[PDB]
Every structure is written in C-alpha cells, then in structure tokens.
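One chain comes next, on its own, written out as structure tokens in the form deposited in one PDB entry.
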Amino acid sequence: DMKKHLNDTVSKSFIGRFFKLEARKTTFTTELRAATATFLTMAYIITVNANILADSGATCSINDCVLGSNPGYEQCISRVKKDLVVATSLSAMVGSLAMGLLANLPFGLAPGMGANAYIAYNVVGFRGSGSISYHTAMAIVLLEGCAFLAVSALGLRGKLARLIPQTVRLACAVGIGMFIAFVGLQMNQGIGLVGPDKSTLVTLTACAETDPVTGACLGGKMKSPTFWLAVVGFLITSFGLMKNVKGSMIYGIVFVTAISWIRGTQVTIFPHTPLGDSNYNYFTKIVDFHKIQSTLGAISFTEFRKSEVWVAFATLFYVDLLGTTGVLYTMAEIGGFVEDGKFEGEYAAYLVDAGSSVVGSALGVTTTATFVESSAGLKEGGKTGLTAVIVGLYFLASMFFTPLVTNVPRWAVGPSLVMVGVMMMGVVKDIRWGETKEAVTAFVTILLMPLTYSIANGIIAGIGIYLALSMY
C-alpha cells in the first residue's frame, strides 16, 4: 500500500497543491509514466536535429580550413557537431521547463522539424552554399521570434491565422513532409538511394563503388553495404508502429548505430584514418561534460540591407504560423481541457512558444514548436505540468552522454527522416479534392516543394495560384 502513501506526501505538499493534484483528478505516478512515454516518443530529435544543422555550413569559414576534404575543416565540423548536441538539449530543456511552470500544460518543447530543414538546406546551403552565412540566419531567428512574441502578446494571432484558406495550410504541411523525406535520400544527409543523371534529373544510384570526392559512382547498383543496413533499420523502425511499442524510432536508430560501431567492418564509422582514430579516442569515454565554445553567441545585424533575406523572414513567419495554429488546439481535445471557447492557458501557451525562440536564436538552434508526437503521454494520463517538468529534467540529464550522440552515422537518420514524412502525409485525406479550385492549388503546392528543392518556392507558387483563380 505504500505506493498510495507517495500520493499523499506529495499531493498535500507544496508541489501537489501548486499543480492542483486534487483537481483534474490524476496521480503522481500516472503523470510520471506519461512523462516517460512522451520523452521516449520524442527523444530522437536530439540526434536527428544535431546532424541536420551540423552539415549546414559551420561557423568556421575558409580561414580555418570548404568542400575539399581537408582535415583542418573536418576538425572544426566535428567540434561544431559536438556543440550542437548540447545546444539542442539545452534548448529542449528550456522552453519545456517554462511551459511546465508558467502554465499548467503537459506538453514538451524542442526545435521541431521543418524550420531546421528550411534554414539549414535552403538559406545557408550545404557547407557554405546559399546567400546568407550562419550568423544572419540566427539574426533572422531572433527577429522572427521577437515579432511573433509581439504579435501573440496583444491579440492578432487568432485574427491572423484564421484568414488563411483551409487548403493552403494542409498542402504546405504535406509538402514539408515530402521535402523532409526527399532530403533523406541523397548521399549528403541520407542513405544514397538517389543520385544525378545527364538525360533525366533523378536516377536510382544506390551505388557501391561511389566517388568519395564528388558524389558519383563507378558501377554497381543496389549493392551498397550501408544502404541495405539502412533499409533493415527502417524495417525495424516500421515494425514498431504496428503492435504499438512505446518508442521505436530511437530503437531503430540505436540498433543501426550499435551495429555501425564495430571497427573493421564495411559499414563502420571509425575507419583507420586519423580522423577515425580521434573520433574513437573521444568515444572511449561514455559520460563527458561539454561546454559550448564556438556557437555560444554569434549574431550579426550588419547584413539586413539586402534582399534574399526578408523573403526568408516572411517564409519563416508563414511556416511558424502554420505550425502553431494547428497542433496546439488538436492536442487539447484528447485531454479534459477544452471548454466552450477557452483553454485556460491558450494565451500563456502561445507566449512560451515564441519566448523560447529568442533564447534559442543565440544558442545554436532554430524556432521550436510543441511536439505533436507527445499525445503518447496524454493518451495515458496526466492533466497538469508534471510531465513537462519531467521531460525537461530528462533532457537535462541526457546531455551528459554526448559521446554516444556525436558518433551516430548519417545513414542511421535516413530512416527517421523518411518516417517523419510518412507520419506527416497522413493529413492529406482532409483536403477537399472534389472542387478544382482547391485541388489545383493543393497539388501545385505539394509537388513544387520536393521537385524544386525549396519550401518558399512552393508557398509562393501556391499562394499566387489561389489568388489568381479567385480574381472577382
């Protein structure tokens, strides 16, 4: 019986009374279990979001040498990838802690997919491409976060995110899902299923004897030793949604990485090059305390005088308004929160999702949103902020394992990137495909995002068609 003794020494204490444990009937153990489930569902991103931003033009320029395979640049990119893990863990612990404390909402915060890909692979490019360097991207994040905080402070978001047509938002979500799936197939961040061609633009080039320098290959199709390991990892992950295990994405990532940690095999991650020797020597120790040394703060408000920047600002505004106008209300009816027209926390909910982006802009991360993959805790129990606090505590006591998170091979996150798109595509059945007016714009927005390799292009081409087709 002493189990229930833990629910009277806590509920009647200050901690229980502060969160109103007696109201919205629940127990401390149930809230802890819900927090554990929603952490296991979400924990993947700490190693997924680290590998996307790392290969996105690190802070060191040619002065510390880009794409020429020089060990000097490789050491810097290793250090930067080491720092972004801690940065993402900190940005997930904060925000989640505020949402737990400022409001009584059992949610979680972390830099989600979709804004990280946008600023990572379109404006900063792949290791020095694009138009704007790394500092200007974080300046843009700062400006967008401040603007969204101002907009949510005194009410316009409800009156601004409701006038957008109901089809463009869903089409944009599907297009972002397709693009995040597409980016996980090239031999730059993905597994290597898609390669270049001369006659056509795309061609199946799972390719064994590949060219290390450029990216082409010299014969051998669908016989890559690492591509098949990635495929079996994807199958292991996919056999985790059926039969409904708690967390399967991290299970597949862990299995693939653990198989890859063997030294000497053809799918290894620690080769005999001295880069591999240094990586292994760092990997010997498991627990390591790391302090940010490179991307602690780097903001430059000196290039806000040209174009190709404010377009990114508008696109980030549109994507972040798409993200939050949706998931927040959706994961309110699952629990016993929704009333006739109120959340009892909606106003305080929108404030944190914008406030904990200013703290992340000068930290190494992108804008954050409440995770949709957190209903695994709501569907069990817990009605107050005893899950957000525990999630923040977990993320805080998950950054000490940096050596086990900075050596994940890039072919272990390809399945995760593909599965994110599969999960996102599920909303495509709510679009009214009957009328031509919605079908044309939805199809254009969906198709133009992965083919042209741009999200802003898709949004700007979907808005124009919908505007022109209704010129009355």
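A residue's number is simply how far along the shown sequence it sits, counting from 1.
- According to the entry, the deposited sequence has 10 or more residues without coordinates between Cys65 and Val66.
Not pictured, yet referred to below: the form deposited in another entry.
- Hinge residue for the rigid-body motion between this form and the one not shown, chosen from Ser56, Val141, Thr402, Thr368: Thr402.
- Here's the thing about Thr36 and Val232: their CA atoms end up at least 3 Å closer in the other entry than they are in this form.
- If you compare C-alpha positions, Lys306 and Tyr453 are 3 angstroms or more farther apart in the other entry than in the form on display.
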